[PDB]
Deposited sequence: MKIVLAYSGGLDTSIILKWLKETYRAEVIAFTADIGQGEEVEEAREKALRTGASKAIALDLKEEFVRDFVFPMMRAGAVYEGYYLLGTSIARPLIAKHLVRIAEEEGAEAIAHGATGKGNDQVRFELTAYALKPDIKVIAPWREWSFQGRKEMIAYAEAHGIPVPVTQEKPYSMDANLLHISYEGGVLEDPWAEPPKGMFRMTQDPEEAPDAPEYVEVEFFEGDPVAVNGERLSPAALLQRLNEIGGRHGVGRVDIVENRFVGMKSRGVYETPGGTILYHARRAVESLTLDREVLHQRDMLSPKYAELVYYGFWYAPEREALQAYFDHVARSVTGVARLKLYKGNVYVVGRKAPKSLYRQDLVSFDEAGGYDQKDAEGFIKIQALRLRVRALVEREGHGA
């Protein structure tokens, strides 16, 4: 029996690698994806072999991540519960996609991940796995073992020679998420110094910085006149937005499995892209199309948040969003200053910005008012 483990190189997946070998008397193939966490994945791959993996794989997936998951999501204007730009949410389908592919190639009957039984990640990983390979076997150790606390887990790792290192973090090219520990009290502000991807607004440059972002067909293709690949472009905007402290959100969200959770997120590049997109859309999209689009975005957002990426509903809505986004061609000009992003200009080759006479308005108004006047007369 072989098992493809989503291995991040940390303590838990290291413990998991050992636990899987003994518990399932299985050969474990480790997989570590480079999605912009800011770590040398090769070090994780080598730790996996030291830990006991029969094979360890590491892949640079930053470009596939931005082009095939982040970009399509952004085209939809996806925002969960008013603020969450879904940084962790869209990255999970990508990881599981490769787990299942590797499982196929290696002849493995199962896959494993270290997401807990109380979060969203477990759902995202498994819904994707099942959607792509229906008879795949999934093993989620957190829902199968009986560790009674951290102490017991550190003891288990020390016993296997696994080296042992106030909140939980998840970082990738789109954002860095923070939750748990001290963050659990929604009345308490995050502690100073917690953020890593964005500069503290109180420490941002004293002068504002202008940035231009070009969109061609619904996707951003250039920054300040320089054409950049998907991953390179997000990276650049992260650098630019980050220096100014842009993209910080603090919310109490509703998880898919039932409870509320306090989360903090920094999405510098994606936040600039959100406003840049809407800026270009303001000139290229039709009024009714836009209004219909905005009423569907929230639904799309929850699909991503819940884990229904490789699902027919999401694919169907994507057909609508992509259609609409094809008209988003132009340039947005933004002004960045101490934590904030300001749209300051926009232009487009086929802008709809700027015939009748005042007289037509009276008619328009009379007809629009008819049903209201009738209703009024009936009330008498």
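Asks: Let me make sure I understand the coverage. Which parts of the deposited sequence, in order from the N-terminal end, have no C-alpha coordinates here?
Replies: Since the structure holds only modelled residues, the stretches it omits are 166-170, 360-369, 396-400.
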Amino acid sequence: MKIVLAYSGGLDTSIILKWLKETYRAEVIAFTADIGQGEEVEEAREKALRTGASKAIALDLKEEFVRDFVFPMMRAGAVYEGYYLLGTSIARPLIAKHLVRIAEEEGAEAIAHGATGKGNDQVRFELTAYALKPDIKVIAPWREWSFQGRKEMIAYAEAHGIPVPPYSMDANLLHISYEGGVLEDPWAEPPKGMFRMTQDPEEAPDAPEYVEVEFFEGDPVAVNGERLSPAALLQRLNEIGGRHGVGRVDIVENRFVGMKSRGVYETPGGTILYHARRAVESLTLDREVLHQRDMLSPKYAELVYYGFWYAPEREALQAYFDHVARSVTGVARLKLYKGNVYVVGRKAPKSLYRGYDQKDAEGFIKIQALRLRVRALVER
From here on, numbers count along this sequence of modelled residues.
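For the two forms, the rigid core is made up of the largest set of C-alpha atoms that agree within 1.5 Å on superposition.
Asks: Superpose on the core, then say which of 145-153 and 249-257 ends up with the larger RMS Cα offset from this form in 6 other deposited structures of this protein.
Replies: Greater root mean square C-alpha distance in 6 other deposited structures of this protein: 145-153.
Asks: Highest mean C-alpha temperature factor of the two stretches 35-43 and 55-63, which is it?
Replies: Between 55-63 and 35-43, it is 35-43.
Asks: Quick one: say whether 152-160 or 176-184 has the higher mean Cα B-factor in the deposited entry.
Replies: Mean CA B-factor is higher for 152-160.
Asks: For the listed residues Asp200, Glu281, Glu81, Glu209, which one has the largest C-alpha B-factor as given in the deposited model?
Replies: Among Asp200, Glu281, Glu81, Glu209, the highest C-alpha B-factor in the entry belongs to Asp200.
Asks: Compare the CA B factors listed in the entry for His113, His98, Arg255, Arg143 and report the winner.
Replies: Each of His113, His98, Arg255, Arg143 was compared by C-alpha B-factor; the highest is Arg143.
Asks: Mind checking which third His291 falls in for C-alpha B-factor across the chain?
Replies: As the PDB entry reports it, the C-alpha B-factor of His291 lands in the lowest third of its chain.
Asks: Divide the modelled residues of the chain into thirds by Cα B-factor and specify which third, lowest, middle or highest, holds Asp68.
Replies: Its C-alpha B-factor, which the entry lists for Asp68, ranks in the middle third among residues of this chain.
Asks: How does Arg373 rank on Cα B-factor within its chain, lowest, middle or highest third?
Replies: For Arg373, whose C-alpha B-factor we compare with every modelled residue in the chain, the answer is the lowest third.
Asks: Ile365's Cα B-factor: lowest, middle or highest third of the chain?
Replies: Lowest third of the chain for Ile365's C-alpha B-factor.
Asks: Within this chain, which third does the Cα B-factor at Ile102 fall in: lowest, middle or highest?
Replies: It belongs to the highest third of the chain when residues are ordered by C-alpha B-factor.
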